Amino acid sequence: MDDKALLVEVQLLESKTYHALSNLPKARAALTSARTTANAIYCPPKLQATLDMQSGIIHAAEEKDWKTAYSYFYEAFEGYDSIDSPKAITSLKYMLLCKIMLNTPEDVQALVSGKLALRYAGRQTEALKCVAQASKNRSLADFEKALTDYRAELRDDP
Amino acid sequence: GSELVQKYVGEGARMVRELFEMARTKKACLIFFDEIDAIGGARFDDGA
Amino acid sequence: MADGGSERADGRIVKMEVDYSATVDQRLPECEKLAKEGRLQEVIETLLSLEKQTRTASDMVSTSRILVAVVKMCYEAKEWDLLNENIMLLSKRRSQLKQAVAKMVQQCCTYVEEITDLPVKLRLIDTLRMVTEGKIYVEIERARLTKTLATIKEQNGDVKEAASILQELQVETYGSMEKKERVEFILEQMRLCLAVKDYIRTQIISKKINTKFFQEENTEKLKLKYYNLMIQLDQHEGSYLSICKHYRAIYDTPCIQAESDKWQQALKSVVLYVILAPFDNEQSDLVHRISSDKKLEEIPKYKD
Amino acid sequence: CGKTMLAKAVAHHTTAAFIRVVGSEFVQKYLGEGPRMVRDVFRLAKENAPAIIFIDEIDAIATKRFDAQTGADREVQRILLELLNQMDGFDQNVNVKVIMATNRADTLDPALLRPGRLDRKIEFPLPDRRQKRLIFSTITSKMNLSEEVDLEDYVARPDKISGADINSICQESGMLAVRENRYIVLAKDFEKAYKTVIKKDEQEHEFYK
Amino acid sequence: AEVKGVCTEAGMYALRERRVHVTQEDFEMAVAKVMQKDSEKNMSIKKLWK
Amino acid sequence: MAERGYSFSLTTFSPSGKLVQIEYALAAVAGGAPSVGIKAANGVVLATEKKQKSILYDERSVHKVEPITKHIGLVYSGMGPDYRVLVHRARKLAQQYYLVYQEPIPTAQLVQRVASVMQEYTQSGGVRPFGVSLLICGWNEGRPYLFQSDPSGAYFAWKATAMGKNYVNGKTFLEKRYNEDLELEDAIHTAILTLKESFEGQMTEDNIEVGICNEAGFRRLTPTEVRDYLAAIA
Amino acid sequence: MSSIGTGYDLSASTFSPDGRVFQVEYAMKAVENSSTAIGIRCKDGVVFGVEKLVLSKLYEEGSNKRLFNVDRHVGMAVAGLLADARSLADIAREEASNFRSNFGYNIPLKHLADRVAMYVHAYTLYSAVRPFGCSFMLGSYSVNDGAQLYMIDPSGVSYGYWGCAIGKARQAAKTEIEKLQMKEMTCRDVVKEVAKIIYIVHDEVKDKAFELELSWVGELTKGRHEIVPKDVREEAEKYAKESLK
Amino acid sequence: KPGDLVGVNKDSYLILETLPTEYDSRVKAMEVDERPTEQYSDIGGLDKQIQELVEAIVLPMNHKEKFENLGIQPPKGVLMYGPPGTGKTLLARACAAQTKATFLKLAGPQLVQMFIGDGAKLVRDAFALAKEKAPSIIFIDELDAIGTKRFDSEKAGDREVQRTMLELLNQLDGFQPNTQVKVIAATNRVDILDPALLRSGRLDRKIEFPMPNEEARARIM
Amino acid sequence: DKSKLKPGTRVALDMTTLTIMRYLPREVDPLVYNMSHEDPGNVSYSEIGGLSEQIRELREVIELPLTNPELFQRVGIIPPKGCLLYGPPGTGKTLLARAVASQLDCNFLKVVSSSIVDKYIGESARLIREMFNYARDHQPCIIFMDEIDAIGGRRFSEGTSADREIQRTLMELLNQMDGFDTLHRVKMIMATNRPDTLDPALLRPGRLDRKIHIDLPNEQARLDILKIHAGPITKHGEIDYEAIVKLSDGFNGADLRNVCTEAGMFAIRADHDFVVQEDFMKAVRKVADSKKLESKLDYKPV
Amino acid sequence: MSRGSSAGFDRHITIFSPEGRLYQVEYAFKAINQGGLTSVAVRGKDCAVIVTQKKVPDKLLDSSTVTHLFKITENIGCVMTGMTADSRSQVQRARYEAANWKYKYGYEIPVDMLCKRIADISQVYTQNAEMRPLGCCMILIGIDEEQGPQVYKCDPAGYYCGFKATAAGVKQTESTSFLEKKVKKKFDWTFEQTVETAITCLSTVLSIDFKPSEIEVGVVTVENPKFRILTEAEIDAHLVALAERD
């Protein structure tokens with residue numbers, strides 16, 4: 001009979017682990033329970049950002065609705081930036097990622113730029129940016145290169 | 001009034017009209033209308 | 001009027017504003033003679049005084065005194081500014097309709113244009129704000145008021161400001177806009193657009209309107225100029241489709257069709273460009289009709 | 001909040017028959033026809049199954065209060081009784097139950113309709129920060145939004161507005177831009193549209209101002 | 001009806017998961033979802049009381 | 001006849017067995033401003049949305065966290081008239097109490113006496129109940145108190161509760177975040193967040209008033225003092 | 001409908017969606033059933049002119065009670081339901097009686113009108129007693145603020161007038177008063193003036209056959225409210241007859 | 001052409017023949033109740049109401065030429081409501097007599113003979129006939145039924161007469177039809193008339209007759 | 001063709017073998033044809049001053065997505081699914097709607113919904129379906145569905161059986177136009193005049209998006225209506241228009257038309273061509289009697 | 001329909017409607033729109049200023065004798081806004097309450113206390129089964145000799161809220177919005193400034209602009225130990241200044 005905001009957070013982190021293996025079903029079931037207690041804010045900024053970021057990974061790659069993924073990511077960054085350091089970094093790259101798959105350059109470039117983006121923007125903004133240009137241009141070779149050079153950071157978050 | 005309730009809609013008025021004509025024909029008479037709380041009675045403008 | 005300045009309301013709106021204005025107009029011929037020489041204080045005061053009497057639409061009445069008066073003021077660059085000042089003060093505070101304030105200001109600006117070139121340009125800005133709220137009568141006069149910018153500004157570097165304003169009015173269309181006036185605005189717009197060299201302006205506006213208005217006989221003098229201007233922007237961009245229509249239009253013109261050297265060239269323009277564009281519907285009808293047409297045969301140079 | 005919209009989106013996806021009726025269609029057409037019509041609609045869906053039965057309105061049908069001293073009420077009180085039944089007969093088979101739309105949760109009965117006769121009884125969040133973020137993001141996708149204030153700023157400022165009010169603010173903001181002949185609409189435009197639909201001034205209450 | 005509803009609701013969650021059978025995790029979630037919704041609809045003395 | 005006459009009256013009983021009237025009164029408070037009250041157990045905080053927006057409110061002699069006596073304050077929701085009489089009677093009763101014992105009244109005895117009065121209107125017919133739900137704070141005997149008195153004329157003991165706009169959601173956050181025994185400063189931070197759920201249109205430069213009750217006593221706080229807490233957690 | 005004649009007047013404890021209860025609007029209609037009472041204010045007194053509807057010529061003075069003596073400087077000319085006319089006379093008068101005892105001086109009209117107006121509205125609030133439904137005027141000459149004329153309608157609104165008329169021909173009469181002068185001139189010139197307005201307004205779809213009654217309250221009668229003398233009345237009337245024709 | 005009866009072949013359905021237009025004798029009999037005249041000499045009471053009515057119907061029918069010249073609308077008609085018994089039929093008859101406009105005493109569904117099918121036609125035709133032959137005054141009695149303020153209709157002959165009235169009122173606004181076609185109506189209430197009638201003043205001056213005033217009583221005697 | 005059958009169109013079929021002899025072009029009910037042609041007004045369809053504010057707010061809804069869908073898509077906004085107008089009886093809900101619609105030059109069918117009154121649905125359905133064909137055929141088009149209230153809708157806790165029987169005719173039209181589609185080319189604007197019967201179905205968006213109050217004419221607005229209405233009538237000029245606004249405090253716009261008609265009728269009894277200050281005053285008095293009875297002064301917010 | 005519901009007792013005798021607010025109270029606000037008196041009150045540091053239509057429909061009325069500015073204390077003043085029938089009854093009631101208090105406290109009343117106290121009296125009218133709430137708003141002006149000029153407004157039912165700037169009337173929402181801009185960009189106050197700002201905002205909302213014998217402006221200045229009515233002499237001077245001001 002119990003749900004709580006803190007209980008949802010365990011389930012948000014479990015979804016993230018499932019996304020990295022490439023399995024949406026067990027994650028989707030878990031997403032539901034988590035968003036429902038979230039609707040009415042009752043949480044510090046850190047929980048809000050986690051709920052936003054997970055909802056986004058499932059919607060972006062897996063379900064494939066880019067408009068839905070991105071929107072949650074924008075909230076997640078702003079929430080993340082305050083308390084966190086490593087988390088915030090991820091969420092900004094993820095913002096670029098939705099739009100790269102959609103294959104519009106316009107959105108990617110705008111997102112790279114100032115919202116609060118500059119501080120967390122590291123070497124990986126350039127990896128994400130170089131891959132977008134490579135998809136757009138239709139060059140496979142440009143892509144292989146970005147992966148090799150940037151790799152440690154790319155690999156660390158599963 | 002209840003004894004003639006031959007209807008095809010609006011037919012009922014033609015009966016009222018006939019009963020009146022017959023009374024009029026007999027001078028030095030009284031006509032008494034029984035059971036005219038319906039067909040020649042109260043309207044229903046609130047009806048459904 | 002009621003519940004705002006009741007009682008002798010019948011008098012305040014009707015009686016006072018109409019009389020006061022009539023009375024200064026009677027006083028005017030003295031003023032006009034003084035006005036050239038100086039007497040700055042004399043023009044501003046007479047106008048404001050009228051407005052002082054409460055009602056809605058004080059401006060409109062106040063419009064009589066200005067009709068003769070603005071002409072004389074414009075020769076001195078000092079006086080015209082004062083004149084418009086009066087009109088803004090009452091309006092801003094009380095909020096005087098959409099319509100009442102917009103009519104007076106325009107008329108002061110209309111007169112300035114003829115007299116000399118430079119005072120209008122500065123005053124145009126002032127008057128353009130006031131007219132903006134409307135949707136009906138105001139909107140039409142507003143468009144006509146914009147027309148002034150188009151001729152003057154092209155000569156300067158101000159051509160960019162002129163283009164911007166004119167395009168906005170024209171882009172969003174109401175059934176309030178008249179078709180006759182509409183043609184004259186867009187024609188002028190092309191020359192501004194050409195001067196700036198903004199390929200997008202000619203393309204975007206054209207979709208909003210119809211190319212057909214120009215195709216008419218009434219429009220025939222404007223028609224040629226409108227197309228000439230339009231061909232170049234699209235031609236530099238390298239979009240073959242757009243230019244092909246314009247060439248066909250020049251050809252459709254009778255002055256061009258009658259003369260032999262001129263008809264060959266116009267028609268030539270459509271065939272070479274259309275074939276250059278990648279294989280299409282537009283390519284097919286055009287190329288086949290030109291060869292099958294009897295005119296094509298008469299000249300062997302073109303025929304090959 | 002486009003509760004019914006969800007019912008439309010799934011109905012379309014199936015590629016099957018959809019029988020959609022109102023409350024008014026259940027009640028008579030020749031006086032006393034109305035209860036008979038209640039039996040008809042459900043059975044008709046079974047003949048052409050898979051199918052969906054949808055009821056837009058039960059605003060006077062699922063209400064406990066009825067008379068018979070009012071002649072009109074008699075057909076209506078029958079439609080409610082038949083609807084309780086349909087749920088019983090449907091069970092322990094492959095027939096899906098009645099899918100319905102209502103304004104509130106106090107029109108329906110609390111002890112004649114209750115969960116596990118309708119699997120899911122779904123409330124749509126009245127506060128929902130994220131839902132609104134999604135409404136603004138449709139505008140972002142189609143053409144980029146310029147910022148004077150963040151997007152997060154847009155959702156943070158309301159925090160209990162109904163679904164009708166979100167629709168209103170988005171709609172009006174795009175209308176202002178159109179007149180101006182913008183093709184990129186401002187951040188600030190969103191703020192003003194919103195301010196206008198805080199009913200009875202920006203100070204809402206109108207007695208604690 | 002509420003007990004019938006808990007069992008059924010449990011089965012629906014398990015499909016989402018990619019399962020063919022319920023677990024504990026689903027069964028307990030079902031109980032919660034049916035009962036709170038009932039208690040929300042039925043009560044109306046609870047607004048800031050009990 | 002129908003249910004209409006019977007159920008509404010408080011000149012005779014509801015046929016339901018519980019009065020449909022007190023339930024009506026709670027709806028009134030829902031239409032009111034949002035109010036949170038939390039006993040930390042280091043002090044009590046009462047916070048409410050106060051409409052300034054340009055500073056359109058005198059905050060020099062009229063407030064929304066208002067002192068009854070030295071160490072008691074009230075914050076309210078719902079009908080404004082009903083409350084004003086309720087304040088003036090409440091202070092009167094308090095003063096009778098301070099006069100006699102020589103101690104300002106504690107929240108726990110006061111609510112019970114106050115409840116007797118509100119019950120009379122819920123008994124009397126032609127007379128409607130008071131349509132204010134009160135959050136009473138106090139520090140007396142070395143212990144902080146928070147009580148809720150509803151429009152029926154009953155008093156209930158709470159450590160933290162919510163009134164006003166979306167009370168259902170307030171009570172759910174309070175149970176979730178709140179812990180027995182906390183610091184009065186952390187407590188204001190969650191109270192401003194409790195308001196923020198169903199604020200409406202969000203806080204300007206200051207569009208809240210908070211008052212604190214502690215060891216030294218109940219004091220409503222100035223717009224500047226109030227603003228410092230809001231930066232920490234909005 | 002701006003009023004319902006059954007529903008929202010079942011009790012006098014009602015309001016209506018526009019903001020004003022229908023019972024009060026009906027109470028303006030009650031005044032329409034009767035003839036007109038005009039009263040024009042000078043700076044040396046007030047002069048009333050009321051037309052009194054007659055059915056018999058066995059009527060003598062103190063019949064219909066169109067003129068009441070509220071005080072020894074306050075006069076009242078009334079219009080509307082005569083039944084209602086007696087209670088409004090009591091309400092003004094009792095307020096006057098307490099005032100005279102305690103304060104010990106002539107009443108300023110500025111205070112009386114608001115004070116009475118509170119009482120007229122107070123019946124409307126209550127459902128212990130129904131709204132009033134006659135309309136009256138107070139006209140006074142005092143050294144307290146001079147000659148002053150107020151009109152209080154059954155709603156309980158009090159307003160200043162130099163010229164007020166209440167009746168079924170109040171709208172038509174008020175305009176007529178504004179065209180004439182009476183504002184600065186004596187009661188002796190004015191009496192003639194109050195009579196003529198009544199004859200000119202006098203319609204046969206708003207009024208019936210009448211005998212004229214006019215009244216003083218000014219410097220000539222030495223403060224006090226008296227009815228004009230028969231001789232004087234007949235000269236004021238003689239002009240009133242001539243002026244119509 | 002419309003309103004013409006036709007022959008249809010029984011064996012195979014084609015329109016074979018034509019038959020005379022149907023009229024109704026019952027309508028003709030109802031007409032002209034102007035004699036004896038009522039005047040204002042055995043009908044009366046409520047002095048103000050009678051004056052407004054003379055202004056709304058009677059004078060614009062005689063004084064018709066002037067309205068056209070001035071450019072200003074005449075009154076479209078007069079509506080009478082309130083408890084009856086003041087002589088709502090006599091009043092209508094008296095005004096119509098002054099003017100020498102043809103007087104139809106008619107009520108919407110009253111010429112329905114036998115079946116509903118055949119009867120629909122008969123009642124519709126009557127409604128139109130009365131409007132025509134301008135100038136005229138059509139007197140409608142017991143319009144509670146035609147009014148259909150309510151959410152239910154009769155769906156017999158009443159519907160037809162009901163629709164033609166609304167179309168007619170939509171058409172009437174002008175200067176020219178307003179004078180020519182006059183309408184006077186008597187009904188018991190004012191809240192069971194067409195929903196349009198109540199919206200705005202679609203007939204100029206609408207009169208309620210109050211409970212008998214002192215002047216009213218004296219005059220009826 | 002097999003396109004000579006589509007739902008709702010007329011067909012002739014042989015009696016004895018039930019095969020299609022021919023196409024039969026659909027009947028056009030004469031009632032719909034009357035609604036299209038006739039304008040119930042006698043007032044300007046350009047503007048009426050001070051009502052102007054309201055006319056602009058309506059225009060934003062209709063003209064801007066309909067005329068140029070182009071601008072709306074680049075902005076990133078959707079077309080509205082309608083606008084609802086209200087105000088007490090005869091506030092000119094139709095007149096404000098006529099003026100925007102005419103200017104843009106769109107087809108109008110102005111419908112009073114007492115012509116769709118019924119015992120039960122049948123005959124009214126054809127009229128409804130035909131109004132939908134008319135609107136699509138003459139697209140862009142606006143159905144002024146005037147008096148949505150005349151039709152049933154609000155079923156309260158309990159209404160009559162009758163309300164529901166008629167209510168179906170509105171429900172079907174509303175749906176057809178919006179929220180099963182994204183289009184605003186075919187649109188309906190609804191006018192209400194009686195607050196008492198107003199549908200919860202409409203209220204809920206996607207059969208709507210805006211609620212626009214069409215107010216009782218303003219302090220200045222009555223003055224301007226009086227001047228345009230006076231103008232056709234012979235006069236010498238009056239100053240009276242200021243006196244008439246006071247007395248006419250709370251009279252709707254339609255009632256101001258009654259006062260001009262009655263004033264001309266008074267000049268005409270006198271046998272003077274000139275209308276004078278007095279004849280309009282007499283008129284205000286007469287209209288006032290009809291005002292209380294006919295129209296509400298009571299406030300309706302939705 | 002309209003606010004509340006007819007069902008049950010709530011207009012026969014005063015017992016709450018479903019809304020939890022009395023049927024009569026919600027209706028009570030509507031009563032201001034009946035009145036047609038649109039007021040804005042602005043607060044200075046040298047005076048408290050109230051500007052209202054005096055509602056004189058004709059000069060047949062005497063402009064002086066007609067009033068809506070009342071002297072309810074020894075220098076506290078108020079203005080009445082809304083249904084006039086309600087307004088005189090509230091004035092006279094306020095006056096009793098005022099005199100009693102002045103004696104007890106022994107000195108002139110704070111503006112805040114006076115508004116609070118009338119607000120308590122109006123609840124009484126609401127609660128009692130014979131009676132019904134007042135439909136009017138009293139806007140009190142006065143200078144508290146500690147804090148400075150204060151402008152209070154009481155609502156029909158007897159709601160009380162603090163105000164440093166207020167508006168009431170038909171067009172209540174519009175008048176408060178014009179004044180809200182002026183409060184934000186607060187000018188330094190003097191007798192003339194405060195008065196100019198009050199009139200100007202009321203004249204934008206109405207869009208007519210006042211006559212110098214049709215408004216009544218009421219001030220409590222530091223120079224007067226009395227409540228003073230500006231009259232036609234003073235108002236005319238501010239009115240010609242408005243046109244010219246901006």
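Placed from the backbone N, Cα and C atoms, the Cβ positions cover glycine too.
Here is what Swiss-Prot records for this protein:
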- G:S2: N-acetylserine (MOD_RES)
- G:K57: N6-acetyllysine (MOD_RES)
- G:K206: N6-acetyllysine (MOD_RES)
- G:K230: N6-acetyllysine (MOD_RES)
- G:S243: phosphoserine (MOD_RES)
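Rounded to a whole value, the Cα-Cα separation of G:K57 (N6-acetyllysine) and the residue listed as 'phosphoserine' is 26 Å. When the C-beta distance to chain H is held to under 8 angstroms, the modified residues G:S2, G:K57, G:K206, G:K230, G:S243 reduce to G:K206, listed in sequence order.
In sequence order, G:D18, G:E25 make up the list of same-chain residues 6 or more apart from G:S2 (N-acetylserine) whose Cβ falls under 8 Å from its Cβ. Each residue contributes its Cα atom, and for G:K206 (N6-acetyllysine) and the residue listed as 'phosphoserine' these two points are 20 Å apart.
G:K57 (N6-acetyllysine) falls outside any helix or strand according to DSSP and counts as coil. The two recorded residues G:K230 (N6-acetyllysine) and the residue listed as 'phosphoserine' have their Cα atoms spaced 20 Å from each other.
Listed in sequence order, G:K196, G:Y199, G:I200 are the same-chain residues six or more apart from G:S243 (phosphoserine) with CB atoms under 8 A from its CB.
Just so you know, the Cβ of G:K57 (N6-acetyllysine) picks up 7 other Cβ atoms within 10 Å once every protein chain is counted.
In the three-state DSSP scheme, G:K230 (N6-acetyllysine) falls into the helix class. Between the candidate modified residues, G:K206, G:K230, the densest Cβ environment within 10 Å is the one around G:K206. Note: G:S2, taken in sequence order from the modified residues G:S2, G:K57, G:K206, G:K230, G:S243, have a C-beta within a distance under 8 Å of a chain I C-beta.
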